[PDB]
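Taking it in order: structure first as structure tokens, then the write-up.
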Amino acid sequence: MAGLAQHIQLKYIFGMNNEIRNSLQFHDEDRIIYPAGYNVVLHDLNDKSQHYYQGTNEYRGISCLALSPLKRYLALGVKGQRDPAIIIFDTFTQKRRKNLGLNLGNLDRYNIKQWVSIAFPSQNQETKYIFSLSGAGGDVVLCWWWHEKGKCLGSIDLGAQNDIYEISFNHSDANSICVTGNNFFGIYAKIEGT
Amino acid sequence: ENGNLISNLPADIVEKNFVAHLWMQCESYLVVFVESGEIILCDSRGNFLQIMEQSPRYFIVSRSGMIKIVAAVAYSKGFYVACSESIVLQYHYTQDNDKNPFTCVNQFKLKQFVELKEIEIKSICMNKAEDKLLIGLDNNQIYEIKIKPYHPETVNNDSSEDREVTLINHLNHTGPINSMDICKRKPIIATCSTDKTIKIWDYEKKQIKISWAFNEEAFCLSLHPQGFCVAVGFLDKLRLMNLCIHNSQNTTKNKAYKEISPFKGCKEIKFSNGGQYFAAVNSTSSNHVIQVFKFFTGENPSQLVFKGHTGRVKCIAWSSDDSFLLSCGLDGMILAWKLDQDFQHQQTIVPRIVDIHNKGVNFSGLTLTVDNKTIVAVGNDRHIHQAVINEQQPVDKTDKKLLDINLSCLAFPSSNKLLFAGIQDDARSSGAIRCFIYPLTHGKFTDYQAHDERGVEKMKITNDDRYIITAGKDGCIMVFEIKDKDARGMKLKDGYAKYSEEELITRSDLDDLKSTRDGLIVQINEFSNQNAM
Amino acid sequence: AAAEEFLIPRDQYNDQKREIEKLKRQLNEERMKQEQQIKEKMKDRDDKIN
Amino acid sequence: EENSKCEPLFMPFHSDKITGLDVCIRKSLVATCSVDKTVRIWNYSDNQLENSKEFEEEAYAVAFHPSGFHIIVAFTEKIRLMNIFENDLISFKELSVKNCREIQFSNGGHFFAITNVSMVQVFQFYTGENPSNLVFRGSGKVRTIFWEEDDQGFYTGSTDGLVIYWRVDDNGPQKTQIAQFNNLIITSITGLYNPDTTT
């Protein structure tokens with residue numbers, strides 16, 4: 001099938017979106033990734049050039065963004081009608097790679113409507129695991145073998161009535177993940193595969 | 001299970017709002033931040049250790065009493081914490097102070113650097129070089145501050161003179177754009193939003209030209225074809241202003257060169273393609289009369305006074321020749337009033353070439369094909385209503401093309417080969433712009449993600465069809481270049497491809513600039529010749 | 001009130017802005033140089049005082 | 001010789017016949033083009049010469065845009081669209097129209113009509129487009145153009161004593177012979193509109 005020619009393609013975005021906590025990050029020493037509307041804009045401080053990571057039309061909005069410690073991957077959580085997803089874009093290529101939550105049949109136990117935070121593991125593990133702290137429908141942190149399987153290897157329940165919004169990996173210990181939220185602070189170390 | 005895991009953590013801190021957690025690589029430390037302003041210290045294992053005495057809540061006398069940490073970014077020798085009132089605390093990791101391994105060694109207020117009144121930090125980030133700190137505030141603006149490496153000798157907390165705060169982007173709209181317009185001779189995006197700021201955006205240069213601050217919010221604005229005047233009529237009066245790039249302190253520059261009063265509830269202002277007239281929807285008590293005022297004279301003839309709209313008018317369109325004005329609104333009635341005096345005199349009441357009323361449909365966006373043959377309107381019914389403009393008989397029914405999402409506004413490129421529509425629907429939050437291959441075929445269209453869940457409010461297409469500008473409720477202005485060569489009208493072929501490069505400058509503005517130059521030269525020479533004795 | 005605004009080329013307006021910007025930068029540079037020279041004189045004369 | 005400087009006693013005047021005269025609406029400006037090759041914008045409120053430009057070619061006609069920011073000057077060979085600057089007149093475009101003796105802007109400032117011998121062309125000033133339906137042909141040398149209040153039509157009077165009302169709507173080229181004045185070389189045409197609701 002011949003793809004329909006794009007009638008119009010975005011050129012520049014006038015404005016910025018700050019509703020995502022920790023949504024402003026340094027992709028490099030000159031490019032900064034920030035949420036703007038439904039497109040994640042990497043803005044260059046020199047030429048003001050904006051590179052727009054665009055999600056699929058099947059989703060509603062953007063909840064949170066995380067960047068791998070090596071800054072090679074950008075994982076964005078998408079708030080959708082029923083199934084939130086995690087879209088990981090390759091900064092080097094600037095192309096969408098894969099999405100988490102598409103096969104959420106096994107995770108239907110969690111009524112996650114959005115991911116409040118995204119955490120990449122250490123630089124030596126960033127490319128093999130990625131964790132998503134879910135909000136507005138259950139604080140669920142899911143271990144995803146995103147690089148190869150893209151499957152949830154484990155589920156961490158942080159409480160049904162916890163306003164949890166931030167998740168990250170311990171710099172000294174990638175086996176440990178720290179999650180912060182309203183009246184919630186957890187630190188989980190994966191021991192013997194759990 | 002629900003059992004708590006933070007051992008030794010204080011009971012009061014257990015019920016405290018943890019805003020952020022950072023990992024200091026110095027000693028694998030974990031720095032937690034509470035909404036109360038307390039910074040919790042923990043080892044690499046996360047067990048509670050203490051709240052450093054230099055935490056914001058204990059050493060900062062906030063105007064509100066309690067300072068809230070919003071975001072923190074950890075660097076090699078410590079971490080930077082953001083607290084309300086535009087406050088930033090740099091907690092450096094000092095080996096000598098074991099009881100307080102991280103101590104606030106430098107504090108600065110972003111308010112003292114930028115004239116931002118009561119703006120709080122939304123996100124704080126640092127680059128790899130640890131030289132530039134980016135702070136995204138609640139005003140949709142990101143400011144970069146250069147923070148020098150922490151030197152133990154330079155313990156000066158008030159060493160803010162070495163920091164420069166610059167806005168990475170322009171003065172982007174912080175709220176939904178009330179109305180949109182663009183001119184033909186200049187690449188100007190005239191946007192009126194709830195923030196009481198009317199902003200002109202050079203999309204070709206992707207910059208802000210004029211930012212007018214008004215004590216009264218702007219509802220709808222229209223740009224004259226010459227690009228020199230803007231009718232930005234407010235709820236109390238239609239204000240025609242001259243777009244002067246030189247926006248000096250004088251509030252008179254925001255004053256309209258022509259104020260027409262009393263004008264009430266003007267929600268749709270559109271200048272005719274020729275610029276000779278501008279139609280504004282004067283929201284009368286019950287009539288919602290769309291009145292055309294001559295741009296150069298500001299007069300509204302009674303015969304040009306158009307009436308019949310039972311409800312709010314939501315969209316106005318002008319024919320290629322401007323021979324007729326098309327109006328749609330929440331009333332669900334599309335009225336095409338012919339400005340021709342001969343046509344108007346034929347009937348006692350305001351004659352309407354196309355008078356259609358689809359009950360149950362609230363028209364939101366109206367567009368006309370460049371040939372002035374098809375009027376395409378989109379409302380809440382999820383139907384594109386196409387009306388064939390026939391002068392012989394007034395249009396009574398519209399061809400309704402079904403859609404899966406409501407459209408808030410419509411536009412036609414000069415070629416008419418495509419029909420662009422803004423997306424404003426609450427069904428699916430995907431904010432995008434949808435282009436049909438006009439004429440609208442059997443469900444053949446292409447979507448492009450443009451705005452957020454708030455949808456597309458206003459849309460316009462450049463005369464050359466090179467670009468489409470869409471303004472949504474998110475405060476972002478969207479520019480999409482049309483790749484459809486067939487859909488791009490080759491109107492710029494005959495020399496006029498270049499937008500007018502002249503700007504309106506008052507004699508007063510020029511004299512002020514010259515006086516400023518003279519004063520600057522006088523001051524410079526006085527300083528040069530001033531004795532140091 | 002007849003429109004007193006007269007068309008000016010954007011190039012001319014930007015040149016007028018740039019001249020004032022250069023004058024302001026020169027004034028700032030001269031102020032900084034005067035302050036630094038006075039500070040150096042203060043350093044030397046405080047050395048003499050000491 | 002420098003001390004023996006020569007300047008107009010009060011201000012420079014036209015050294016030849018003024019070929020065309022027009023007045024603005026939004027400003028106090030009058031554009032006058034003279035056979036002396038000088039096109040001058042005159043501020044009558046100040047009785048001063050706001051602008052004065054000397055062109056290599058004689059300016060046959062001058063039409064002043066209603067905005068007060070633009071002028072259109074027909075010379076011996078071409079019609080130059082000059083932006084009214086503080087002290088100079090720079091033409092952003094030029095139309096290859098010869099012997100154009102009657103140039104007039106509309107009330108709405110969108111259409112300007114120019115006469116060449118026997119054809120009158122109406123141009124979209126902002127877009128500079130001469131639609132094929134806006135080129136109108138008559139008999140003899142058209143001497144005057146008078147646009148209507150609604151700006152939808154204009155009466156052109158030629159040297160043969162013929163006045164033709166020409167429409168500018170999208171319904172194509174519509175022409176009506178208002179009158180035929182035999183033995184009269186029409187040099188001026190004006191008019192008015194009656195909004196009377198009479199039967």
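So you can find residues: chains in the structure tokens are A, B, ... in the order shown, residues in each start at 1, and ligands are numbered from 1 in order.
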**Message:** So that I can check the surroundings of segment 86-98 of chain D, please list as an MDAnalysis selection string every protein, DNA and RNA residue that reaches within 9 Å of it, counting only C-alpha atoms and ignoring chain neighbours fewer than 4 positions away.
**Reply:** (chainID B and resid 495:496 500 507) or (chainID C and resid 6:8) or (chainID D and resid 39 50:53 71:72 74:82 114:117 128)
For the interface of chain D with chain C (cut-off 8 Å, counting only C-alpha atoms), please tabulate each contacting residue of chain D alongside its nearest pair of atoms and their separation in Å to one decimal, rows sorted by chain and increasing number, as JSON lines.
```
{"residue": "D:26", "atom": "CA", "partner": "C:2", "partner_atom": "CA", "distance": 5.2}
{"residue": "D:27", "atom": "CA", "partner": "C:2", "partner_atom": "CA", "distance": 4.3}
{"residue": "D:28", "atom": "CA", "partner": "C:2", "partner_atom": "CA", "distance": 6.2}
{"residue": "D:68", "atom": "CA", "partner": "C:3", "partner_atom": "CA", "distance": 7.8}
{"residue": "D:69", "atom": "CA", "partner": "C:7", "partner_atom": "CA", "distance": 6.1}
{"residue": "D:83", "atom": "CA", "partner": "C:7", "partner_atom": "CA", "distance": 7.0}
{"residue": "D:84", "atom": "CA", "partner": "C:7", "partner_atom": "CA", "distance": 6.0}
{"residue": "D:85", "atom": "CA", "partner": "C:7", "partner_atom": "CA", "distance": 5.2}
{"residue": "D:86", "atom": "CA", "partner": "C:6", "partner_atom": "CA", "distance": 6.4}
```
Residues from the last selection, N, CA, C and O atoms, saved as a PDB file, in the first residue's frame:
```pdb
ATOM      1  N   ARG D  26      -7.131  58.449   5.631  1.00  0.00           N
ATOM      2  CA  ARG D  26      -6.703  58.259   7.011  1.00  0.00           C
ATOM      3  C   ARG D  26      -5.669  59.283   7.463  1.00  0.00           C
ATOM      4  O   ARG D  26      -5.418  59.394   8.668  1.00  0.00           O
ATOM      5  N   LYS D  27      -5.069  60.027   6.540  1.00  0.00           N
ATOM      6  CA  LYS D  27      -4.004  60.964   6.858  1.00  0.00           C
ATOM      7  C   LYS D  27      -4.308  62.334   6.267  1.00  0.00           C
ATOM      8  O   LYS D  27      -5.320  62.542   5.593  1.00  0.00           O
ATOM      9  N   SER D  28      -3.423  63.282   6.558  1.00  0.00           N
ATOM     10  CA  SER D  28      -3.425  64.587   5.898  1.00  0.00           C
ATOM     11  C   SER D  28      -2.362  64.628   4.800  1.00  0.00           C
ATOM     12  O   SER D  28      -1.376  65.361   4.876  1.00  0.00           O
ATOM     13  N   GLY D  68      -3.191  55.871   3.508  1.00  0.00           N
ATOM     14  CA  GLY D  68      -2.202  56.915   3.645  1.00  0.00           C
ATOM     15  C   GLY D  68      -0.772  56.428   3.663  1.00  0.00           C
ATOM     16  O   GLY D  68       0.134  57.224   3.939  1.00  0.00           O
ATOM     17  N   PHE D  69      -0.541  55.148   3.375  1.00  0.00           N
ATOM     18  CA  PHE D  69       0.789  54.562   3.408  1.00  0.00           C
ATOM     19  C   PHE D  69       1.342  54.254   2.023  1.00  0.00           C
ATOM     20  O   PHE D  69       2.531  53.943   1.902  1.00  0.00           O
ATOM     21  N   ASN D  83       5.947  53.058  -1.556  1.00  0.00           N
ATOM     22  CA  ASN D  83       5.627  53.081  -0.137  1.00  0.00           C
ATOM     23  C   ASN D  83       6.003  54.446   0.423  1.00  0.00           C
ATOM     24  O   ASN D  83       7.139  54.900   0.252  1.00  0.00           O
ATOM     25  N   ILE D  84       5.052  55.101   1.086  1.00  0.00           N
ATOM     26  CA  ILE D  84       5.232  56.476   1.543  1.00  0.00           C
ATOM     27  C   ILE D  84       6.124  56.432   2.779  1.00  0.00           C
ATOM     28  O   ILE D  84       5.657  56.180   3.891  1.00  0.00           O
ATOM     29  N   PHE D  85       7.413  56.677   2.585  1.00  0.00           N
ATOM     30  CA  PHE D  85       8.382  56.676   3.667  1.00  0.00           C
ATOM     31  C   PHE D  85       8.553  58.088   4.215  1.00  0.00           C
ATOM     32  O   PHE D  85       7.952  59.050   3.731  1.00  0.00           O
ATOM     33  N   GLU D  86       9.392  58.204   5.246  1.00  0.00           N
ATOM     34  CA  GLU D  86       9.580  59.497   5.893  1.00  0.00           C
ATOM     35  C   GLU D  86      10.143  60.528   4.921  1.00  0.00           C
ATOM     36  O   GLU D  86       9.678  61.674   4.886  1.00  0.00           O
TER      37      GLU D  86
END
```
Show me, as a PDB file with N, CA, C and O atoms, in the first residue's frame, the residues of chain D whose atoms get within 6 Å of chain B, using only C-alpha atoms for the distance check.
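Saved result, out_2.pdb, follows:
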```
ATOM      1  N   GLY D 108     -12.350  51.724  -0.519  1.00  0.00           N
ATOM      2  CA  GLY D 108     -11.920  50.671   0.382  1.00  0.00           C
ATOM      3  C   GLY D 108     -10.447  50.332   0.321  1.00  0.00           C
ATOM      4  O   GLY D 108      -9.994  49.476   1.085  1.00  0.00           O
ATOM      5  N   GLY D 109      -9.695  50.965  -0.579  1.00  0.00           N
ATOM      6  CA  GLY D 109      -8.259  50.795  -0.635  1.00  0.00           C
ATOM      7  C   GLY D 109      -7.777  49.475  -1.195  1.00  0.00           C
ATOM      8  O   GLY D 109      -6.578  49.184  -1.096  1.00  0.00           O
ATOM      9  N   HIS D 110      -8.661  48.667  -1.777  1.00  0.00           N
ATOM     10  CA  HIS D 110      -8.285  47.349  -2.271  1.00  0.00           C
ATOM     11  C   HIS D 110      -8.060  47.298  -3.775  1.00  0.00           C
ATOM     12  O   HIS D 110      -7.184  46.555  -4.229  1.00  0.00           O
TER      13      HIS D 110
END
```
**Prompt:** Do you know which residues are at most 7 Å from segment 62-64 of chain A counting only C-alpha atoms, after dropping those on the same chain fewer than 2 positions away, and could you put them as a count of residues only?
**Reply:** 14
Listing only residues of segment 47-82 of chain A within 10 Å of segment 452-461 of chain B, what is the closest atom pair and its distance in Å (to one decimal) for each, using only C-alpha atoms, sorted by chain and residue number ascending, as a tab-separated table?
```
residue	atom	partner	partner_atom	distance
A:59	CA	B:453	CA	9.7
A:60	CA	B:453	CA	6.2
A:61	CA	B:453	CA	6.3
A:62	CA	B:452	CA	8.6
```
Could you turn the residues from that selection into a file that holds C-alpha atoms, as a PDB file, in the first residue's frame?
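Generated file (part.pdb):
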```pdb
ATOM      1  CA  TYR A  59      -3.777   8.199  22.490  1.00  0.00           C
ATOM      2  CA  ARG A  60      -5.100  11.301  24.246  1.00  0.00           C
ATOM      3  CA  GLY A  61      -2.188  13.199  25.792  1.00  0.00           C
ATOM      4  CA  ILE A  62       1.238  13.048  27.391  1.00  0.00           C
TER       5      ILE A  62
END
```
Excluding segment 179-195 of chain D and residues on its chain fewer than 4 positions from it, collect all residues at most 6 Å away from it, counting only C-alpha atoms, and give them as a PDB file with N, CA and C atoms, in the first residue's frame.
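After the write, result05.pdb holds the following:
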```
ATOM      1  N   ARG D 143     -10.100  59.141 -20.127  1.00  0.00           N
ATOM      2  CA  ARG D 143      -9.523  60.304 -19.469  1.00  0.00           C
ATOM      3  C   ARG D 143      -9.697  60.302 -17.960  1.00  0.00           C
ATOM      4  N   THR D 144     -10.790  59.745 -17.444  1.00  0.00           N
ATOM      5  CA  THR D 144     -11.045  59.830 -16.013  1.00  0.00           C
ATOM      6  C   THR D 144     -11.612  58.516 -15.502  1.00  0.00           C
ATOM      7  N   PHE D 146     -13.752  57.135 -11.945  1.00  0.00           N
ATOM      8  CA  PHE D 146     -14.444  57.447 -10.698  1.00  0.00           C
ATOM      9  C   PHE D 146     -15.002  56.154 -10.117  1.00  0.00           C
ATOM     10  N   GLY D 157     -14.332  57.505 -18.224  1.00  0.00           N
ATOM     11  CA  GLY D 157     -14.661  58.423 -19.303  1.00  0.00           C
ATOM     12  C   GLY D 157     -13.479  58.595 -20.234  1.00  0.00           C
ATOM     13  N   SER D 158     -13.737  58.440 -21.530  1.00  0.00           N
ATOM     14  CA  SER D 158     -12.701  58.460 -22.551  1.00  0.00           C
ATOM     15  C   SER D 158     -12.753  59.766 -23.336  1.00  0.00           C
ATOM     16  N   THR D 159     -11.746  59.952 -24.193  1.00  0.00           N
ATOM     17  CA  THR D 159     -11.641  61.156 -25.010  1.00  0.00           C
ATOM     18  C   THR D 159     -12.731  61.254 -26.069  1.00  0.00           C
ATOM     19  N   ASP D 160     -13.409  60.154 -26.385  1.00  0.00           N
ATOM     20  CA  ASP D 160     -14.457  60.150 -27.396  1.00  0.00           C
ATOM     21  C   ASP D 160     -15.803  60.609 -26.853  1.00  0.00           C
ATOM     22  N   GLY D 161     -15.870  61.006 -25.585  1.00  0.00           N
ATOM     23  CA  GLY D 161     -17.131  61.396 -24.993  1.00  0.00           C
ATOM     24  C   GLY D 161     -17.975  60.248 -24.496  1.00  0.00           C
ATOM     25  N   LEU D 162     -17.364  59.109 -24.187  1.00  0.00           N
ATOM     26  CA  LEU D 162     -18.080  57.926 -23.733  1.00  0.00           C
ATOM     27  C   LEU D 162     -17.709  57.615 -22.291  1.00  0.00           C
ATOM     28  N   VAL D 163     -18.729  57.372 -21.469  1.00  0.00           N
ATOM     29  CA  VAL D 163     -18.567  56.971 -20.077  1.00  0.00           C
ATOM     30  C   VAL D 163     -19.119  55.561 -19.937  1.00  0.00           C
TER      31      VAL D 163
END
```
**Message:** Give me, as a PyMOL selection string, the residues of chain A touching chain B, with the criterion being at most 7 Å (counting only C-alpha atoms).
**Reply:** chain A and resi 6-18+21-26+28-29+37-38+45+57+59-61+159+166+170-172+180-187
**Polymer residues at most 8 Å from residue 68 of chain A, only C-alpha atoms, same-chain spacing of 6 or more positions, as a list in words** = residues 74, 75, 119, 120, 121, 123, 126 and 127 of chain A
**Message:** Would you mind listing, as a VMD selection string, all residues of chain B that have at least one atom within 12 Å of chain C, where only C-alpha atoms are what counts?
**Reply:** chain B and resid 186 209 226 to 229 240 to 246 253 256 to 259 296 to 297 499 to 533
**Request:** Using backbone DSSP assignments, extract all strand (DSSP E or B) residues from chain C; output them as a PyMOL selection string.
**Result:** chain C and resi 5-9
Filtering to N, CA and C atoms, could you give me those residues as a compact mmCIF listing (two decimals), in the first residue's frame?
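Result file follows (result-v1.txt):
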```txt
# COMPACT_ATOMS: atom_id res chain seq x y z
N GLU C 5 1.30 57.65 11.95
CA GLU C 5 2.29 56.63 11.66
C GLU C 5 2.68 56.66 10.19
N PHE C 6 3.98 56.68 9.93
CA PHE C 6 4.51 56.68 8.57
C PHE C 6 5.26 55.38 8.32
N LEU C 7 5.04 54.81 7.14
CA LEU C 7 5.69 53.55 6.81
C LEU C 7 7.20 53.70 6.89
N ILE C 8 7.84 52.76 7.58
CA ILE C 8 9.30 52.73 7.68
C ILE C 8 9.75 51.32 7.31
N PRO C 9 10.79 51.17 6.49
CA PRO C 9 11.28 49.82 6.18
C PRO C 9 11.70 49.10 7.45
```
**Prompt:** Interatomic distance between atom CA of residue 68 of chain B and atom CA of residue 102 of chain B?
**Reply:** 18.5 Å
**Item:** One-decimal distance in Å that lies between atom CA of residue 129 of chain A and atom CA of residue 147 of chain A
**Value:** 7.5 Å
**Request:** Between atom CA of residue 104 of chain D and atom CA of residue 60 of chain D, measure the distance and give it in Å to one decimal.
**Result:**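 Pair atom CA of residue 104 of chain D / atom CA of residue 60 of chain D returns 12.2 Å.
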Got a sec: who's within 6 Å of residue 222 of chain B, counting only C-alpha atoms, leaving out chain neighbours fewer than 5 positions off, as an mmCIF file with N, CA, C and O atoms, in the first residue's frame?
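Output file out38.cif is given in full below:
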```cif
data_model
loop_
_atom_site.group_PDB
_atom_site.id
_atom_site.type_symbol
_atom_site.label_atom_id
_atom_site.label_comp_id
_atom_site.auth_asym_id
_atom_site.auth_seq_id
_atom_site.Cartn_x
_atom_site.Cartn_y
_atom_site.Cartn_z
ATOM 1 N N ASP B 181 -5.743 35.477 13.567
ATOM 2 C CA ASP B 181 -5.773 36.007 12.212
ATOM 3 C C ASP B 181 -4.362 36.098 11.647
ATOM 4 O O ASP B 181 -3.368 36.000 12.374
ATOM 5 N N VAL B 230 -4.828 46.015 12.991
ATOM 6 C CA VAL B 230 -5.489 44.873 13.607
ATOM 7 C C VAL B 230 -6.750 45.360 14.306
ATOM 8 O O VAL B 230 -6.693 46.270 15.140
ATOM 9 N N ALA B 231 -7.885 44.762 13.958
ATOM 10 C CA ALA B 231 -9.149 45.015 14.644
ATOM 11 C C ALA B 231 -9.286 43.961 15.733
ATOM 12 O O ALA B 231 -9.582 42.799 15.451
ATOM 13 N N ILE B 269 -14.300 38.542 14.443
ATOM 14 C CA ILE B 269 -13.920 39.659 13.586
ATOM 15 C C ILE B 269 -13.105 39.099 12.432
ATOM 16 O O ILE B 269 -12.100 38.411 12.652
ATOM 17 N N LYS B 270 -13.534 39.389 11.206
ATOM 18 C CA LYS B 270 -12.813 38.959 10.011
ATOM 19 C C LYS B 270 -12.755 40.116 9.023
ATOM 20 O O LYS B 270 -13.793 40.665 8.643
#
```
